[PDB]
Structures are given as structure tokens and as C-alpha cells.
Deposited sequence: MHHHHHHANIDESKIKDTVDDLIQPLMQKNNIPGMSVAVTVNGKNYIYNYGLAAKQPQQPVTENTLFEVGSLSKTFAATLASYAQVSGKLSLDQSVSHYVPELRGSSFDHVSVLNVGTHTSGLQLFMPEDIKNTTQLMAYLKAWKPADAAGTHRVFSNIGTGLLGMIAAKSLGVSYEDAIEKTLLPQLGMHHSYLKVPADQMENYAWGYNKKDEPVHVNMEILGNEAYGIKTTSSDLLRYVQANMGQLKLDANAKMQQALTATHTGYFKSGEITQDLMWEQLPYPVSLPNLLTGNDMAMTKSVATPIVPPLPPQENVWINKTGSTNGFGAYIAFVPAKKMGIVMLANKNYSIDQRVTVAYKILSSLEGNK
């Protein structure tokens, strides 16, 4: 029930007024929006996780988050770094000996953590196993030297997560589901959704409005494997702002914070470890203009800041996700949808909601 002067109702009015038209105009079946401010959390669910038979979005609905998954690979690499197992400045072939003598002698772990190796966006469809992947990587050359340009890459994020996990002595899937997500308290976050949660796994709806789930291919866990709830992602946002006890895991807090280090500038955007940031306050135009480019190194790296807007978009064929948070304001938003709608609208709605707080 609505109550004037009560936090949850004031925020709900703002969120409803933006999300209901957004869902109508884009024919988005279902969304969940989670907001944190002043140490308090608010979760709003809209519409349908599935159309036939109908299932509503609930607190337990799982959405695919696409390239938001890359921030977990970065957090894992950062955890390995702060634990003394990984140096970001070292070469990929230092950690992957089969690539020694290849172009990966000249690509750093930082490059694959910042989209500056030059590897292309999509894994080639005919690469099915590790032998084929290594043969491809050993024979690969970019047109420009590593460190010169920013090219968003699922392959690069794959290498980042693989190297981080190996440096901890485990597979990536183990590192994420047995180490990282449990230490973050994200108990409804998965690379593979278990049987008791399938009833909660929303269907995605593609451009033709067909129900779809993402197909997991080689190195896909690193780049697009996460399925999660808005509540778990809001915990992740709070952890990224140092707000949670985190079971006294000092190394994990340091790992999260260190992913916000600013390593390259492209246009107006600062590239962190997978996260992207802009100075705060942000104007909507610069946010929108932010969504190969020349990459200029920031050296020494920009330390993790408070006065910034940190964000990440992610999509799959059937889903569209967005996170933004402002550490100086201890505020953040997670928007999950089971339809891939345009990034300009994600950032505009998030900006309007956070501005209202």
C-alpha cells in the first residue's frame, strides 16, 4: 500500500513513472529494478518472467545479464592480484605457456582486462574445444599493437577469467560459483542454473519476441554466463561501495574496490577493470555519447574514486541489463529486463532515477 512520506513509496512512484512507459514502449515482458541509497535497499518487480504459461517477476526471478558477467571476471582477476597470485602487467603468455612465442608475448593481462588487446568481440563459431582455441590464439595477430585501441572483446574477457582462475588453481566455473559469488553472499547467482531454480529463470524474448535462453559456448562463462536476481546484484553494488561486512573478507573488499582503478581513457569514458566510469556529476548527453577507438593509458592509474559514475551494460539475445552506482553518494541501481532494449534508454532511466534520490 502507498504511504506518503515513506521511503519505499516515494522511490516506487519515481521508478513506476519511468519503468511502466519504458516496458510498454519496448514491449518488455518483465523487469526488476533494485535501488540502494542511505544504506537501504528497494526492489521493484514488474510484469512477467514468462508469457505462456504466465509467470510473474518475483524477488527470486533470475535474468541473464550478458556482459555484466565480465565484471565478475574482472573481480576474480583483481582478487588474484591482491592475493599475490597474478600481476596485471605481466604478459598473457607468461601465464599461458602454450602461447609463448605468439602475439600474446606482447599482450598484458591488463590489456585483456581493459579491452585493449585488440582481440575481436565474438569468439569464432567453429571454435569448440580448448585445442582449437589455443591453435587460434597462437596464430592470431591484431592490425594495431596491443594497448593502442579499445575493442570490446568476449575473447579477451575469456582469457582474463581463465588466467585469473588458473592462478588460483581452479577452473573459472569453480572460481566463480565456489569462491567469488559465495564470498560476496550472492546465493541466487549462477553460471549454470540448478534444477530448483529453473522455475525462477525468466525466459528472454528476442527481437522477434521468441522465448530464448543464452547458449553457453567456449569461454562464454567469463563473457556472458551469469544469471542472477536484482537483489543479488544490488548486494554486489553495495559490496563495490564498501557498505557490507562481507564476512570480514579483507582481500575480497580490496579486490572489488581495485576493479574501479582507471587504466585507459577513450573519448570521455574511463576504462577500469571491465567497469567503465565518468566523472560525477554526469550530464545525460555525455552519458549517451559514451555509448575501435584510440585508448590513452592513465599512468599512474587513476585510483578508485568516490566522485564518479561507475556503470556497465550487458545484453544477450533475450535480455537487457544495466548497473550504475556513485560511490560518493552511496547510491546505485540495477535494472534487469527480459528483452534487449536500447542502451540509451537504460542509461536515461537510470540517470533520472538516481537523480531523483
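No alpha-carbon coordinates exist for the deposited sequence positions 1-4, 296-300, 367-370, given here in order along the chain.
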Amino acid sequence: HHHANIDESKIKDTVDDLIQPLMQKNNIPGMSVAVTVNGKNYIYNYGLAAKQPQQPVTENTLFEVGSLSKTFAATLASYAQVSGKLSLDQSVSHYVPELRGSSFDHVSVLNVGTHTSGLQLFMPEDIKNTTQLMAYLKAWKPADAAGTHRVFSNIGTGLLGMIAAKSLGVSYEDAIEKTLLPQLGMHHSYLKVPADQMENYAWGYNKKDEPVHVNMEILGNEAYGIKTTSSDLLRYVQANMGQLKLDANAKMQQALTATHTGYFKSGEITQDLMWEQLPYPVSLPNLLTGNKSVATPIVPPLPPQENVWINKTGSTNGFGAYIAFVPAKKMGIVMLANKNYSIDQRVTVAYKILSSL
From here on, numbers count along this sequence of modelled residues.
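Mean CA temperature factor is higher for 202-210 when stretches 202-210 and 108-116 are set side by side in the entry. The PDB entry records a higher mean C-alpha B factor for 146-154 than for its counterpart among 232-240 and 146-154. Based on the entry's C-alpha B-factors, the most elevated value among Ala255, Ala195, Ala165, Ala248 belongs to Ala248.
You'll see in the entry that, of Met31, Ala295, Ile43, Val37, the Cα B factor peaks at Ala295. The entry lists a Cα temperature factor for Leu288 that places it in the highest third of the chain's modelled residues.
In this PDB entry, the Cα temperature factor of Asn317 sits in the middle third of its chain's modelled residues.
Ranked by Cα temperature factor within the chain, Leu48 sits in the middle third according to the deposited record.
Per-chain ranking of the deposited C-alpha B factor places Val299 in the highest third. Ranked by C-alpha B-factor against the other modelled residues of its chain, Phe72 falls in the lowest third.
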